[PDB]
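As structure tokens, one chain now follows by itself in the form deposited in one PDB entry.
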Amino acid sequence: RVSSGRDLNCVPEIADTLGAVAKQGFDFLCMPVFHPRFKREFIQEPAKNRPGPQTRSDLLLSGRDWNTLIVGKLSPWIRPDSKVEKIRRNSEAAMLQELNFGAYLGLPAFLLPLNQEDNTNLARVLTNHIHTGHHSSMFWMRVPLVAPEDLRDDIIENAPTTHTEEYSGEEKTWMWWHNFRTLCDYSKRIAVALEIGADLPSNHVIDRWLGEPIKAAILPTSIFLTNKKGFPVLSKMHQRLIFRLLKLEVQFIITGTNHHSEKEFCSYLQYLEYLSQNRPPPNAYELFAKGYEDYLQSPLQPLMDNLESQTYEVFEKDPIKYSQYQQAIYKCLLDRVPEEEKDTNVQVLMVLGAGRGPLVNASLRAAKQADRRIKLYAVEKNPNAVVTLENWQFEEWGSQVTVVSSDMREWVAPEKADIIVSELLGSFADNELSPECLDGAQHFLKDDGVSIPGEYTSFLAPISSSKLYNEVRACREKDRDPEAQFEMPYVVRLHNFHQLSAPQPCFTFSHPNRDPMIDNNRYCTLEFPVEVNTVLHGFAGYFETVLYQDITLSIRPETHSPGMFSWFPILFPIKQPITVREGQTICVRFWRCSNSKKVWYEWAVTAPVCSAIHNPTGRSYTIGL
């Protein structure tokens, strides 16, 4: 299902045009709302007093058709940044007139060009409109990958086109966009309609638009090549770009006249559809994670909170994770009990944070696989989950499993443990307070005992997403700090973003923690080399864990365990976006902090410019001990 539009600047009979466009397969029609040559005076007589009607009637279509099928277009003569004062003033009046008429019709979106550098007054007038009436039309800023000036034929004898690479210069249309949306205060209603030229620029120019709110991709008829049977297709380079845009679920707009004159108009659409069918289908992670793309959620705190039945059901749905846990205990049981000792030596296993018992069942399956005897304790502090365990224990497990309705840091254990097995790790490894929990459980691990996991290590990477920056910004609430939303992590399936440097490890914790003078507080400095011009909006956080020896789990994208989907990446935003030039180092500083009651993260960017320290003293975000 490619959602598809037709761009026209010529609409003689509105109903007939729309009807032809509907028969062609298009879901909507971009068109002007006043006639695009009908230039209008507002100041000077006699033309200011021109008899109306000033445009077509709203009665020509249904309200439903205006709301679903029609995208308005700003008239191309409207130049609010003209060097001529009178064009400036008439264009101001005319812009507000056209916008207000689109709002009167209830149009779902309205198109405006960015076709020069200075759109400052166009932004001002759009902002004026935005704060006038209560409506919710989208504003699609029509901006090209490559400026007309920079794709022109090399045919002016005395003004040759530059044959030198200009790295920043070739990205100029991003700066047109950036400056526009910055001026308009990052309104959710202002999106990009990215216009694709016949010749794509360098990859870095395209990459520049990663993490931008691209709602439309405009495809001119001129950019389509012709295949041996006469029909429209695209180059493999353009196809690459289309597959990326499809992943952003943009609406594709076809603009310009039919040059492929042998075939039906359907053809252009049929190619996009052809391309849409022939992508690689969604992998079982991407199938599981559909809907959650860039949806911010609170990180779960299974310590502070008692997790719901269905949350445990979700945790349990990851058979890769448990076959790994099973394998880690399997390999461990063999390493601890030799073959000749197998009937003498019953290993005391303790599931610390047993939930509804998947690790308990993995421990049973592993022991029968290993052919070694085990004594199970299932320690769980959530008394709701303990109901599930105790029903499981009576019906199935029996006396082999002892259920313990207790905190692992309080529990006075009847004996010491050969192996402690746990599953206390969030998306940043230590953000559910596994260090503190296993530290207080450590006194009943045997002197030679194993923790599964033995180790885990968080990873961070700087990102750009103006989309995700907006999502965070929209989480302002009543009755708290108006910036608290920027000073807290979010679990999010990051999707429309740009990873700006390779992830690096942040914090590591090892279990057992044999170190005499224990401290789980941390301070880390990371220097991230950046090869692009960009804007930093936060740090994606991942993790890795050693269950036992080579048996590992990871959500670090480059080493991601195949098939594992229990965790999404975490996101640490910053309050103010940071301009990062090509070749600069992003320096981030992260702290893990604590008192008796709370654990929290603080963070700051120190290069190429200083941010404020975020979440100082846990003022916006704490993790309950």
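Under this definition, the rigid core comprises the largest set of C-alpha atoms superposing within 1.5 Å between the forms. A residue's number is simply how far along the shown sequence it sits, counting from 1. Shifts are known only where both forms have a C-alpha.
The same protein has a further form, the form deposited in another entry, not shown here; the description that follows concerns it.
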Q. Only one of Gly353, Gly426, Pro80, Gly102 shifts by 2 Å or more at CA between the shown form and the other one when the core is aligned; which is it?
A. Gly426
Q. Just checking, between the shown form and the other one and with the core aligned, does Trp411 shift 2 Å or more at the CA?
A. yes
Q: Given a change of 3 Å or more, say if the Cα atoms of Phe428 and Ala604 sit closer or farther in the other entry than in this form.
A: farther
Q | in the other entry, whether the C-alpha atoms of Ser427 and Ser363 sit closer or farther than here (change of 3 Å or more) | A | closer
Q) Segments of at least 3 residues with every CA displaced 2 Å or more between the shown form and the other one, core-aligned, in sequence order? A) 133 to 135, 406 to 412, 424 to 432
